[PDB]
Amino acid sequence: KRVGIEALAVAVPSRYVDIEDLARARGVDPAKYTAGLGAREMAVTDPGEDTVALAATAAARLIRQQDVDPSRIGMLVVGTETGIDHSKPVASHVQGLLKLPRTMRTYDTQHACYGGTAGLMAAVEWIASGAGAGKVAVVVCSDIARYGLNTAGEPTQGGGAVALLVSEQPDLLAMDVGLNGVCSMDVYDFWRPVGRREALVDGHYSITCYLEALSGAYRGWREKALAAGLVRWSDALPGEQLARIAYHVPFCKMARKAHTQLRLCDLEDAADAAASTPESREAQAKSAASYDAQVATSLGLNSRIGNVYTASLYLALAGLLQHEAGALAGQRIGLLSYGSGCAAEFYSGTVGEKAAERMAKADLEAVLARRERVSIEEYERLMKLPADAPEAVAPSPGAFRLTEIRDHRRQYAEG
């Protein structure tokens, strides 16, 4: 008996900008974004590419690529911090756009960039409890990250959606139920009050909160993983025994910071830690070999899209399995989800034999291939457009766009 992620699909906005064009535009050394942050291309949106449209594009693509029977979906959850109504959830819009049947729970989950994982766990545990046996769930992480012109967070902006298929046939990731570690605390590192279109953030403080919550979540998982015989204090650090580790990527260089911190948790908690110094522990924790073996190949997609909040971690999982699904089959990997506010959860799972099949059907290269580069000038023009003023452009085949808001009702079109 297994449960977890069976397949995934992703949707991206139709436009992007080269990150070095953004630096030049802002009077910033390009190397700060490319080397300092690890960014290559930044997704940019117009009002037509809203949370619903992206979420529905991704979920409709999942059902098509993986040949999902819509009537087997018992749960449709949208994790997002870019909601479009205080009451009506994006999930209900997605249900209608996809013409899905009625025998399913629909709702949205919210906690910054952790909201997707929260919905994933609710779907997993709905199945694992037996309530969802014989059925599947679809959990969509959909967000548009917006910090504003001339802000420190601008180069980490992005947008898109990742639709996750959750079932008793977890071809991508059979998750280890009950082993999750979690760490949460009331903080103001990043937030976006109602009515404000741009987020508020204490940049370097959100990094500290990330690493603090990460440490607690990983340690919680490690304890449970030790008792279940999945890892051990041996010649290898417990975290080294995971084939790969994927982290929430607000920006690509954040994955190296997170991996260093995770390994420090092992080195500081090792029974022989007294024999080491902070200098020796940091040099070992920063091991380039460990980062290359465990993390480096998970950032290909994230570097060309930017921050997608709830979807960043699962874009990393996607980048990782896009190329290494076959090699990772039967191997256990770890995932760290973070949400400003804040909450972190660290969980593990085993990649399935059929993972390569499911990722090939996701055809991620073709998803990224359909985008077009625009100028910073055009990016800014689209940014200033009001949320109810989509561009008069058609969606791609099978994709969705917002067309207008009439009498407070949102209208959408399918390509």
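Numbering starts at 1 and follows the sequence shown.
Comparing 337-345 with 270-278, the stretch with the higher mean C-alpha B-factor in the PDB entry is 270-278. Averaged over their C-alpha atoms, the temperature factors of 20-28 and 390-398 are higher for 390-398. For the set 361, 354, 61, 384, the PDB entry assigns the largest Cα B-factor to 384. Of the candidates 156, 206, 129, 331, the PDB record gives 206 the highest C-alpha temperature factor.
When all modelled residues of the chain are sorted by CA temperature factor, residue 108 is found within the lowest third.
In the deposited entry, the Cα temperature factor of residue 256 places it in the middle third of its chain's modelled residues. Placement of the Cα temperature factor of residue 233 within the chain: highest third of the modelled residues, per the deposited record. Per-chain ranking of the deposited C-alpha B factor places residue 147 in the highest third. Among the modelled residues of the chain, residue 284 sits in the highest third by CA temperature factor in this PDB entry.
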